[PDB]
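A quick write-up on the structure given underneath.
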Amino acid sequence: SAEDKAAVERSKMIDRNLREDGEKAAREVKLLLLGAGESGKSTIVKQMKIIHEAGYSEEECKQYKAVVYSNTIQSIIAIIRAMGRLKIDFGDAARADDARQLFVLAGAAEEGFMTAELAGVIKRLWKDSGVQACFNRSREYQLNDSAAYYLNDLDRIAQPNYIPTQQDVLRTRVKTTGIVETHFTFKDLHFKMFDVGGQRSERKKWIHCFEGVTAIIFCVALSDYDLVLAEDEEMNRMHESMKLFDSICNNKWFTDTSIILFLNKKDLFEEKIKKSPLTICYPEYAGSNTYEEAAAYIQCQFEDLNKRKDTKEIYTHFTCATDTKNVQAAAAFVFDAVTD
Amino acid sequence: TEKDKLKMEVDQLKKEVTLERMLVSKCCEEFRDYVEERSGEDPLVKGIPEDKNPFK
Amino acid sequence: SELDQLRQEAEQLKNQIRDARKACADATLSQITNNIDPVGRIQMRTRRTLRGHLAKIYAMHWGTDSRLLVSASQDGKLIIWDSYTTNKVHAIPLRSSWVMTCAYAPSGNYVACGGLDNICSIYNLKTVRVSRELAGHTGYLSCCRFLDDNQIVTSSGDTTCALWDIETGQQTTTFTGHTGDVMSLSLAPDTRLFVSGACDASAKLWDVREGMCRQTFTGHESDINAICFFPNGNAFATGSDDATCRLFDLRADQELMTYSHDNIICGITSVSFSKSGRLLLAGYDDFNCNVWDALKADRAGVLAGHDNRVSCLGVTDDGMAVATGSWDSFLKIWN
Ligand SMILES: Nc1nc2c(ncn2[C@@H]2O[C@H](COP(=O)(O)OP(=O)(O)O)[C@@H](O)[C@H]2O)c(=O)[nH]1
């Protein structure tokens, strides 16, 4: 025919483009982040943009304004609610009125704005010694690790012309519910990094989608070791992370995938281990309660879960994911492990 | 949350309990008879002549 | 606790429903068909191989002309094929490669797809460009089917289904009730109802107009990954991680037949009836599609042309062919 020839030629042209695209895709480095909630995955993704793509524009930063405020409000609310549960009194009784007003105001707040009234309530609460006593007992409830970051900077944050900084954006907890993907180039190679931490669905229905990735970066919050085991009491948080790592590292879907282990939040760990003993997490631990020996112990507890040890190496690095210079050095570590 | 989930499940079950269900035998007969009127012309049952197969 | 009272009440109502279903199980499908002759050995051959994807294929859907079909792969491509000639008509570059479902509009004017981006994207074939990105689900898109060029229904890992107005991009209706990821849906012939299958191991029948669940069907021991209506609109089939397919009857409100064999312990990914309903075709994790006699529960044939999981399949509206798609990156056309 006439049309039939053109349809054949169209198909052949599609075939060429598909082949060229596949050849470019076979050359890219694909990195999947995994790890428990709050372990640092979305922070690492943002750090790749800051390091390799010049960070965030001012207009991009303006868009995190509303989540900075929502994060801040939810942090102080969490501390106040815990005072009732832990039976902690205010340092000044007048703060009870402020606490009441906190809840009234939080319902009336408009996104992207914080009234001077609400800012003053939060400031007075955060300064109160009873609120601070509860904050310092955060291992007994659920409190995100950026709480003090924002609350200590409330004066700057609350200005009507406030524009979030890049560090502010790094610290935000925006809960996307879908996959997050970032692309960059590092030494003439195309990298793609994925984070599914926002997905609340059933992991067994899509983990196999990542069979074939070059490497997994598994993130662990070192500072989770002393969190009290509460409603669900099968395992403490660190042992839940160990069970997930055991599952991933030894997974049939990742036989040919390099396993990188980021033992993250080392800055919070270094401070916690001064007053909170590792035995809270590992009752059998008989070493000293110091940064170096306790960190080593955790590293070995995870590395020991590798079952194909003889064929498979774990690339372990201690990180502070909110420190761009620290992440840039760990990134170099990761490059070496995967490219060759 | 969970309590809110149980209330809705209970509400839904209260509706489903009131359904008037047909005998399985009757439904099976109707299923069979629908298939029997048509399986004789079903290409994946009876096969296709080579000359009439558009995928030859 | 009040919590204690609600849990026991739910179990009591589930038991009442179980008893009422039992009170209507006066006979079984196997008895009713005892006198029908077996279909005999079904032996189909691969007639067309659709080569082009470079990674796992996750879904496919036939156009209503029984000739064109769309496939979706995590190579990041939606390909529209002319199955008669194997020519590629379109190769659409997705914005997110993590696709899990696709659909061909009955008119032939649009296709849809989505996945881990939690978005259902609509593509106009008759301008190819992204016409709409339907945002609202909080979990992956697992299945989607057009009612017409203006409305589409979706299922999601967020445990809901939704009906969308494509022009406005808004969810017109949300279908809530499943307690696990929803994996598949199928529209009734008259598009007034649809059924969904979920990781709570149940299937649900939904009223499109009134946005409510009418019936909840139970019996599977693990996730339902695939669901397909029977052509007369009064029954449907499910395929499950529990290595069984089952036939469910709407008006009996209960399971009629299980299709399984002690040999088969792997999961089922996809189910379809042949045009008459005599055959139920199912794709399996073990790389095969098994062809069941829907009336007798005997396995009548096998389709074994793949080197990895059969992830999807579909029968043409004219009944002339079945398509299989696979993690091995191929689709095959059989009859
Ligand atoms: N101090 C400190 N905070 C961190 C570190 N890594 C992450 N965070 C913070 O901890 C919180 C949870 O981290 P995020 O990346 O959102 O965890 P994700 O759930 O795995 O994505 C965020 O507020 C981060 O700012 C770290 O190494 N040190």
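Neighbour counts run over all protein chains shown; Cβ positions are idealised from the backbone, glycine included. Numbers and lists here come from the model and the stated rules, or from a named source; these are not laboratory values.
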Filtering the stretch C:60-85 for residues that are away from chain A (no Cβ under 13 Å) and under 19 Å from the mean Cα position of the chain (by Cα) leaves a count of 8
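Every residue, every condition in (1) farther than 28 Å from residue B:3 by Cα; (2) in contact with a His (Cβ under 9 Å, 6 or more places away or on another chain), yes or no:
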site	(1), (2)
C:157	no, yes
C:161	no, yes
C:164	yes, no
C:170	yes, no
C:173	no, no
C:177	no, no
C:182	no, no
C:190	yes, no
C:196	no, yes
(1) of a type in the set (S, T, N, Q); (2) part of a strand (DSSP E or B); (3) more than 14 Å from chain A (Cβ to nearest Cβ): which one isn't true of residue C:168, the others all being true? (2)
Has the stretch A:130-151 got at least one residue that is of a type in the set (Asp, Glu), surrounded by 14 or more Cβ atoms within 10 Å (Cβ to Cβ), within 14 Å of chain C (Cβ to nearest Cβ) and away from the ligand (no atom under 16 Å from the Cβ)? no
Would you pick out the residues in the stretch B:1-29 that are under 19 Å from the mean Cα position of the chain (by Cα), assigned to a helix (DSSP H, G or I) and more than 7 Å from chain C (Cβ to nearest Cβ)? B:26
Where residues in the stretch A:187-206 are within 12 Å of the ligand (Cβ to nearest atom) and surrounded by fewer than 21 Cβ atoms within 10 Å (Cβ to Cβ), which of them is nearest to residue C:96 (Cα to Cα)? A:198
Condition first: more than 9 Å from chain B (Cβ to nearest Cβ) and over 19 Å from residue B:18 (Cβ atoms). Now tell me which residues in the stretch C:2-18 satisfy that. C:4, C:5, C:8
Determine whether the stretch A:246-255 contains at least one residue that is of a type outside the set (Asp, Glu) and touching a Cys at 6+ places or on another chain (Cβ under 7 Å). no
Being surrounded by 12 or more Cβ atoms within 10 Å (Cβ to Cβ), within 12 Å of the ligand (Cβ to nearest atom) and within 32 Å of the chain's Cα centre (by Cα) narrows A:38, A:28, A:60 down to just A:38
Residues satisfying the stated conditions in the stretch A:152-181, i.e. within 19 Å of residue A:34 (Cα to Cα) and more than 10 Å from the ligand (Cβ to nearest atom): A:177, A:178, A:179, A:181
Just checking, does the stretch C:279-299 include any residue being basic (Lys, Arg) and crowded, with 19+ Cβ neighbours inside 10 Å? yes
Residues within the stretch B:30-56 that are out of contact with any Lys or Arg (no Cβ under 6 Å at 6 or more places or on another chain) and either surrounded by 14 or more Cβ atoms within 10 Å (Cβ to Cβ) or outside any helix (DSSP H, G or I) (or both), tallied: 15
All conditions in (1) surrounded by fewer than 16 Cβ atoms within 10 Å (Cβ to Cβ); (2) within 16 Å of the ligand (Cβ to nearest atom) are true of residue A:20 except (2)
Please note which strands (runs of 3 or more DSSP E) are completely contained in the stretch C:231-279 and include at least 3 residues that are over 15 Å from the mean Cα position of the chain (by Cα). C:254-259
Got a sec? Which of C:305, C:283 is in a strand (DSSP E or B) and away from chain B (no Cβ under 11 Å)? C:283
Residue satisfying condition, being surrounded by fewer than 19 Cβ atoms within 10 Å (Cβ to Cβ), of a type in the set (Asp, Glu) and assigned to a loop (DSSP other than H, G, I, E, B), within set C:158, C:200, C:190: C:190
Please go through the stretch A:304-330 and give me each residue that is among the β-branched types (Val, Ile, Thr), within 12 Å of the ligand (Cβ to nearest atom) and part of a loop (DSSP other than H, G, I, E, B), ordered by number. A:319, A:322
Name the residues in the stretch A:243-282 that are away from the ligand (no atom under 16 Å from the Cβ) and either part of a helix (DSSP H, G or I) or outside the structural domain of residue A:41 (by CATH) (or both), would you? A:243, A:246, A:247, A:249, A:252, A:253, A:254, A:278, A:279, A:280
What residue, among those in the stretch C:19-59 that are basic (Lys, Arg) and outside any loop (DSSP other than H, G, I, E, B), is farthest from the other protein chains (Cβ to nearest Cβ)? C:22
For the list (1) within 24 Å of the chain's Cα centre (by Cα); (2) within 13 Å of chain A (Cβ to nearest Cβ), I need the number of the one condition that residue C:88 fails. (1)
What are the residues in the stretch C:232-283 that are of a type in the set (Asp, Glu) and out of contact with any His (no Cβ under 8 Å at 6 or more places or on another chain), if any? C:241, C:249, C:253, C:255, C:262
